[PDB]
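Chains A and B supply the protein sequences, listed in that same order.
Residues in the first sequence are numbered consecutively from 4, following UniProt numbering.
Residues in the second sequence are numbered consecutively from 1, following UniProt numbering.
Every residue, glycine too, gets a C-beta built ideally from N, C-alpha and C.
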Amino acid sequence: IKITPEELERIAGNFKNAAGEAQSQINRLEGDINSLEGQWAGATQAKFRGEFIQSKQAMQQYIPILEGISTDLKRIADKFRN
Amino acid sequence: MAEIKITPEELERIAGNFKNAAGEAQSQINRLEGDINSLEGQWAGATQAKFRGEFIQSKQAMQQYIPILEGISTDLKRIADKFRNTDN
């Protein structure tokens, strides 16, 4: 083993932070989609809401994977240190 | 304050937000892959394989997400164009 617990924790932080940024991104984009509601036809809005929900579903897979990686790294760092 | 009315400029602004988001997402997955790569050889191969496998799962989700954002951007731009060409 060449890696230090501190380095594993740094990379774990990168994964946690990426997961947070991804959630923030989709939140901002959701605001944009929300802003269009009622400003054009319901059928048009429904199409964009549908597409946007597909993007949310992808992110609902992505985020827990990143958090899992982050936590797995921290678990190993703890094991190495102690 | 009033609700902001849709115009081609508004649709293009939002289309740009989606396109920018796709690029930021690409940058993120590239950075994280670099992190996973940086661990190669720093510990047992079996451990590296586990993290590579999990990372590949995240990359696959990301490879669905990015084109969906790009599709939204394209669709918004298409409507912006239609608005511009039917008004002027």
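For residue i, does the count of other Cβ atoms within 10 angstroms reach 16, so buried, or fall short, so exposed?
i: residue 27 of chain B; result: exposed
i: residue 72 of chain A; result: buried
i: residue 1 of chain B; result: exposed
i: residue 46 of chain B; result: exposed
i: residue 58 of chain A; result: buried
i: residue 67 of chain B; result: exposed
i: residue 85 of chain A; result: exposed
i: residue 17 of chain B; result: buried
i: residue 87 of chain B; result: exposed
May I ask you to report which of helix, strand or coil DSSP gives residue i?
i: residue 6 of chain A; result: coil
i: residue 39 of chain B; result: coil
Just to confirm the assignment, what range does the alpha helix (DSSP H) spanning residue i have?
i: residue 69 of chain B; result: 45-87
For my contact list, residue i and residue j are in at a C-beta cut-off of 8 Å; report their separation, rounded to the angstrom.
i: residue 21 of chain A; j: residue 76 of chain A; result: Between residue 76 of chain A and residue 21 of chain A the Cβ distance is about 13 Å, and since that is not below 8 Å, they are no contact.
i: residue 5 of chain A; j: residue 43 of chain B; result: 7 Å
i: residue 54 of chain B; j: residue 48 of chain B; result: Wrong, their Cβ atoms sit about 11 Å apart, outside the cutoff.
Answer with yes or no whether the minimum CB distance from residue i to chain D is below 8 Å.
i: residue 17 of chain B; result: Of the protein chains in the structure, A and B, none is chain D.
Should residue i be counted as a contact of the ligand ADP given a C-beta to heavy atom distance under 7 Å?
i: residue 34 of chain A; result: With respect to the ligand ADP, the structure shown offers nothing to examine, as it has no ligands at all.
| message | At a CB distance below 8 Å, what residues from the stretch 38-68 of chain A approach chain B? Give them in sequence order. | response | 38, 39, 41, 42, 43, 47, 50, 51, 54, 55, 57, 58, 61, 62, 64, 65 and 68
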